[PDB]
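Just so it is clear, none of the values below were taken in a lab; they were calculated from the coordinates. Quick reminder, even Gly has a Cβ in these numbers, built from the backbone with ideal geometry, and neighbours come from all protein chains shown.
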Amino acid sequence: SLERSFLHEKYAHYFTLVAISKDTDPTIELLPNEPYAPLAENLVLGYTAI
Amino acid sequence: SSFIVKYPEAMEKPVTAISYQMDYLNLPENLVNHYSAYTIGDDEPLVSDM
Amino acid sequence: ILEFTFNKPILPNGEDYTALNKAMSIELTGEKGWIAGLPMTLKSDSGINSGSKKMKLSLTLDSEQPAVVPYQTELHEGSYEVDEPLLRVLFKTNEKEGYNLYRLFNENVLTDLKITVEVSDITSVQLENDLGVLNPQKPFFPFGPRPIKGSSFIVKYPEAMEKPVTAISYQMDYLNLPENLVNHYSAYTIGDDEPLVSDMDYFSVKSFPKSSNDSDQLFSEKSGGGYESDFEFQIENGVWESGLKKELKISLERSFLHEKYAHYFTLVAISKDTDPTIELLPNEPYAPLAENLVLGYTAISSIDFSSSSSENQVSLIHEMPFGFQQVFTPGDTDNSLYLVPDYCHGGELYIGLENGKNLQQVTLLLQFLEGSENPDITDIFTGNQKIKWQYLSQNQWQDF
């Protein structure tokens, strides 16, 4: 189980604040990147019993 | 949220050890730098390290 | 293509393909029965070199011909214990050439058989995405409608993958590709206005079966307008590399920037330094929609009939005037095989008996028309010569 989220719930809030700033001119480097969703493959299992 | 792995053939036996491996697909070059735009308080990053 | 190698030199005078077509006739087991007639004519590269120990046959089938299928007693009307397709060849004994090839092969032992099969213009293939199964008859999105780093495209064709394939390849066309893929993304820049897509190398792939192409670039220039793709694979000894799944898989190194469109669009629109114009707004990112996928392949088998420890996976059957015989089964070895049954000079009469038992006596009356013989023959069973008798056991003739 996950202890902490990947911040999907905050993207809209940070994006907005940068875009409407009156102190700085937004640049691509200041905008938030889309939050990561951990897509995966190749699951392999092994075991021992006695 | 969670992720569950099941394999009845092993679970019905007197298993002493069990393990698994996975690969990720489209992971960013640096997961910490990826969230540098997500800060609180006096511009302190939510994601400080791995 | 079929090659037959023997211990001895077959002929001083070699033979043209038009000579072989007067001596032999070849048929295959297909969907509706035997495939025969004009489609099974030997081609011009077939023939025999005089001093050679090797005979070559060559046959081709049009795309309009029925499929070649495993033998079925209910369809091909016979009684063979064969679970594979059959290729049958008979000699045209009516002709001098047919009769003479039969005699020439009676003693010249066969040692090696090589079989090569080449197939092209295959369209019934199976296609897959990371999202599922695609319909190849309609324009489809390899790598998805919204491609991402790491997404993939897979081509499968079981008929080839079950054979000792030495080579395999395919081709594709793209549909609504922009006039220039690099100029298309000129609005997508970083740092001091430096383009993310600087050239065509941006769009590259990984081939897991280890493609033989000269670069990893996804698009190749079409001799006409637009782009196509081309993927060639080679298997050095016909042996599929252990760990690969018998599928052809391509994956993307870099995305097509779908995830950035909103960000660049916004920044241009809200600029306080410049007035936005249509030339400054980003174009919608491309999704590589495609069609007309075509597959081709080559596979090769080679059998030394005398060698142990070899996968001699072929079955050999002899055709006889009133029946047949299994000669060589898969996995066998031998030292003396022939393509034909051996019939020596003379005459034979066969009598079949019904309802007897293995220890009973049989009394037979032979009623002749006495005197009805040719009086003008000098070879007439002099001395103690007489007619010989034998019985059949396990397909062998045995003396009483």
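The combined condition, being more than 14 Å from every other protein chain (Cβ to nearest Cβ), among the charged types (D, E, K, R), outside any strand (DSSP E or B) and farther than 30 Å from C:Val205 by Cα, is not fulfilled by C:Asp273. Going through segment B:39-50 one residue at a time, which ones are out of contact with any strand residue (DSSP E or B) (no Cβ under 7 Å at 6 or more places or on another chain) and in a loop (DSSP other than H, G, I, E, B)? Result: B:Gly41, B:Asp42, B:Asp43, B:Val47, B:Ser48, B:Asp49, B:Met50.
Across segment C:73-80, not a single residue is classified as within 14 Å of chain B (Cβ to nearest Cβ) and either acidic (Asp, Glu) or touching a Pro at 6+ places or on another chain (Cβ under 8 Å) (or both). Among residues that are over 26 Å from C:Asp193 (Cβ atoms), under 16 Å from the mean Cα position of the chain (by Cα) and either more than 8 Å from chain B (Cβ to nearest Cβ) or small (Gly, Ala, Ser) (or both), A:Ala40 is included. Contact annotation: residue pairs with Cβ atoms under 6 Å, 6 or more positions apart or on different chains, pairing a residue in segment C:18-47 that is in contact (Cβ under 8 Å) with a residue 12 or more places away in the chain and over 14 Å from C:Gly98 (Cα atoms) with a partner that is of a type in the set (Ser, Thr, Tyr) and in a helix (DSSP H, G or I), are C:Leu42/C:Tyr17; C:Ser44/C:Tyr17; C:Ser46/C:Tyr17; C:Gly47/C:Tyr17. Between C:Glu97, C:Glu64, C:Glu74, C:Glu84, the distinction of being farther than 21 Å from C:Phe322 by Cα, in a helix (DSSP H, G or I) and not hydroxyl-bearing (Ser, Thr, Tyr) belongs to C:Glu97 only.
The numbered conditions (1) loosely packed, with under 14 Cβ neighbours inside 10 Å; (2) among the small types (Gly, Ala, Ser); (3) part of a loop (DSSP other than H, G, I, E, B) are all true for C:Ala262 except (3).
Of the residues in segment C:98-107, none is loosely packed, with under 15 Cβ neighbours inside 10 Å and in contact with a strand residue (DSSP E or B) (Cβ under 6 Å, 6 or more places away or on another chain).
Conditions tested, residue by residue: (1) surrounded by fewer than 10 Cβ atoms within 10 Å (Cβ to Cβ); (2) under 42 Å from the mean Cα position of the chain (by Cα); (3) closer than 30 Å to C:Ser151 by Cα.
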position: C:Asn283; (1), (2), (3): no, no, yes
position: C:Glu311; (1), (2), (3): no, yes, no
position: C:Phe328; (1), (2), (3): no, yes, no
position: C:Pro341; (1), (2), (3): no, yes, no
position: C:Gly346; (1), (2), (3): yes, no, no
position: C:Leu366; (1), (2), (3): yes, no, no
position: C:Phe381; (1), (2), (3): yes, no, no
position: C:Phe400; (1), (2), (3): yes, no, no
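Just one of the listed residues (C:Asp214, C:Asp192, C:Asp201) is surrounded by 12 or more Cβ atoms within 10 Å (Cβ to Cβ) and among the charged types (D, E, K, R), and it is C:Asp201. Please find, within segment C:181-222, the residue that is farthest from C:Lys156 (Cα to Cα) out of those that are under 44 Å from the mean Cα position of the chain (by Cα), of a type outside the set (A, V, I, L, M) and in a strand (DSSP E or B). Filtering segment C:181-222 for residues that are under 44 Å from the mean Cα position of the chain (by Cα), of a type outside the set (A, V, I, L, M) and in a strand (DSSP E or B), the one farthest from C:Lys156 (Cα to Cα) comes out as C:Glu221.
Within segment C:80-129, the set of residues being over 19 Å from C:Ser50 (Cβ atoms), charged (D, E, K, R) and touching a residue at least 60 places away in the same chain (Cβ under 8 Å) comprises C:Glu81, C:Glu84, C:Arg88, C:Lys92, C:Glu95, C:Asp112, C:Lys114, C:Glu118, C:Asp121. Within segment C:285-294, is there a residue that is more than 30 Å from C:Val327 (Cβ to Cβ), free of Cβ contacts under 8 Å to residues at least 24 places away in the same chain and either charged (D, E, K, R) or surrounded by fewer than 15 Cβ atoms within 10 Å (Cβ to Cβ) (or both)? Checking segment C:285-294: not a single residue is more than 30 Å from C:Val327 (Cβ to Cβ), free of Cβ contacts under 8 Å to residues at least 24 places away in the same chain and either charged (D, E, K, R) or surrounded by fewer than 15 Cβ atoms within 10 Å (Cβ to Cβ) (or both).
Checking each residue in segment A:4-37 for being among the aliphatic types (A, V, I, L, M) and either more than 9 Å from chain B (Cβ to nearest Cβ) or assigned to a loop (DSSP other than H, G, I, E, B) (or both) picks out A:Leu7, A:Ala12, A:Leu17, A:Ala19, A:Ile20, A:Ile28, A:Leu31, A:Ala37. Of the residues C:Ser152, C:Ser124, the single one that is within 14 Å of chain B (Cβ to nearest Cβ) and either crowded, with 17+ Cβ neighbours inside 10 Å or under 28 Å from the mean Cα position of the chain (by Cα) (or both) is C:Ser152. Scanning segment C:39-77 for residues that are of a type in the set (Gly, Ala, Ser) and surrounded by 15 or more Cβ atoms within 10 Å (Cβ to Cβ) yields C:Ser46, C:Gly47, C:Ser52, C:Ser58. Out of all the residues in segment C:29-38, which are within 15 Å of C:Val89 (Cβ to Cβ) and out of contact with any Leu (no Cβ under 6 Å at 6 or more places or on another chain)? Residues satisfying the conditions are C:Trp34, C:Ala36, C:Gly37. Does at least one position in segment A:2-11 carry a residue that is within 15 Å of the chain's Cα centre (by Cα), of a type in the set (A, V, I, L, M) and exposed (fewer than 11 other Cβ atoms within 10 Å of the Cβ)? Yes, that holds for at least one residue.
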